[PDB]
Every structure is written in C-alpha cells, then in structure tokens.
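# I need the structure of the sequence given here:
(chains A and B)
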Amino acid sequence: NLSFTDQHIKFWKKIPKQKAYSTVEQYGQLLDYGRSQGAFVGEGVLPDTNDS
Amino acid sequence: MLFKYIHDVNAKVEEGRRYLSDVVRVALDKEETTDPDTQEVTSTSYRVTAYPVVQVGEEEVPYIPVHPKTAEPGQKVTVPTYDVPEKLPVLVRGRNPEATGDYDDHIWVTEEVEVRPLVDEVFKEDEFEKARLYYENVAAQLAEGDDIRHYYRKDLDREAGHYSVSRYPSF
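Numbers count the residues shown, from 1 in each chain, chains lettered A, B, ... in the order given. Sharing the structure here:
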C-alpha cells in the first residue's frame, strides 16, 4: 500500500458524536442576561424592569 | 380649567401603553355652545379629562406654605408647565436584517404611537355635583398608587332585571 490508512484520520475521531432523531435538529441559546439600562434608582423608588 | 391636578406615577404605571409618560394631569372645565348669529349661550356642560403630559417650560406662581413652613408677604415659587404630546416612544423586540451571525440578530427597536385621553366624560349643566364627585374619584384612584380602574356611571347603564333584553350575547 502506497496510500494513507485509518491512523491518518484525526478530526473525525475527535469530534463528539450524538444521535439524531430527525432531519431537523433544534437547540436553544442564551445570549444576554438583560438590557444595559442603568442600575441606580434613588431612595424608595421602584426600579425599572428588564428582560433577557 | 376650573380644577387641575398633577400626579407623578411610578415605574409600573409608566410601563403601560396608556401611561407612556411619567406625569398625569386631571382637569375639569366648562364648555359653552354659542349662537352663531349673536352672542347668546344655548347649552352648557362640564367635561372631565385626563392626559399624560410632558414638561415644556416653567412659570412663577404664588407660594402657599404648609404647617411647618412660613412664607413672606410676597414670596413666589417656580413650577413647571405641561402640555399634551403628539406621540410617545415604546421599546419592542426586533431582528437585524443584515446580521452577520448569531450574536447580532435579536435587538430592540423604538416606535412612536398615538396618545389618547385616559378619561373623557361629559356632564350636563344641572349635574355639577356628579362631575365633582367623578373628578374626586379619579384623583383618589390616581393617589392610591395604581392605574385608573373604575369608570362606572349609573346614568348610562342599561336596565337591570330585564331578562328579555339582557339574555342576548354580550361576552
């Protein structure tokens, strides 16, 4: 044999493998913990709301 | 404006779509319908309204001290002036049309919407006391620290106990 063999494959044996159950695979990401809108409010004042 | 009242609402009230500003004004004024031919009143009414206002300037008014304080004979104080704005801003979720990846896709955008009165009622000339009670009730509701919730009026309601009319769908 003058060509490569099994031991020359590196990335295919290193990437983790997971089982698929459909032709479309979905996943969810978290991007932010909230909007940057200022944290100081004052004495006895209800602070504003925020959303991630 | 025979009566006028300025109230500062909290952050929870300001978040609503009906209270996009931070200051609410409650007024009571009298309207007259004049004869087009000669100056002669034909009908009179009282109106109770409520608008979210914004500050436009300042003016000087006489000082009225409270119990702990005392005022000079000619002391004056400066208070702001308010006006009804045409539009007010909102913040709503959006998406970037030209996002290059997964980190700049979801954003927040600002829009302008029309401003509508919070309260708008009409009372007749011979019903001044009822208008005064309604105005006081609105002021008390605003003072309670929440949204205006009670708009009920006994005069404009349909009859009760008339089962042949109230059986129709109303949802």
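# number of nearby residues for the closest residue to residue B:45 other than its chain neighbours?
In space, residue B:45 comes closest to residue B:31 once its chain neighbours are excluded; the distance is 5.1 Å by CB to CB, 6 or more residues apart in numbering or on different chains. Backbone N, C-alpha and C define where each C-beta goes, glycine included. Residue B:31 has 10 neighbours, counted by other CB atoms under 10 Å in any protein chain shown.
# cool, residue B:131 as well?
Residue B:131, neighbours per other CB under 10 Å, totals 21.
# from chain B, how far out is the residue nearest the centre of chain A?
Nearest to the geometric centre of chain A sits residue A:29, at 5.1 Å (CA atoms, centre = their mean). Distance, residue A:29 to chain B, by CB to the nearest CB, to the nearest Å: 7 Å.
# how about that residue, what does it touch?
Residues near residue A:29 by CB atoms under 8 Å, 6 or more residues apart in numbering or on different chains: residue B:102.
# beyond the longest strand anywhere in chain B, next helix or strand please.
Determined from DSSP state E, the single longest strand within chain B is strand B:41-62. Downstream of strand B:41-62, the first helix or strand assigned by DSSP states H and E is strand B:76-83.
# other SSEs contacting that following strand?
strand B:41-62 (3 or more CB pairs under 8 Å, 6 or more residues apart in numbering or on different chains; DSSP states H and E).
# and chain B, which of its residues are near chain A?
B:10-12, B:15, B:102-103, B:106, B:108 (CB under 8 Å from any CB of the partner chain).
# out of these, which are inside helices?
Counting by DSSP state H, the residues of chain B next to chain A place B:11-12 in helices.
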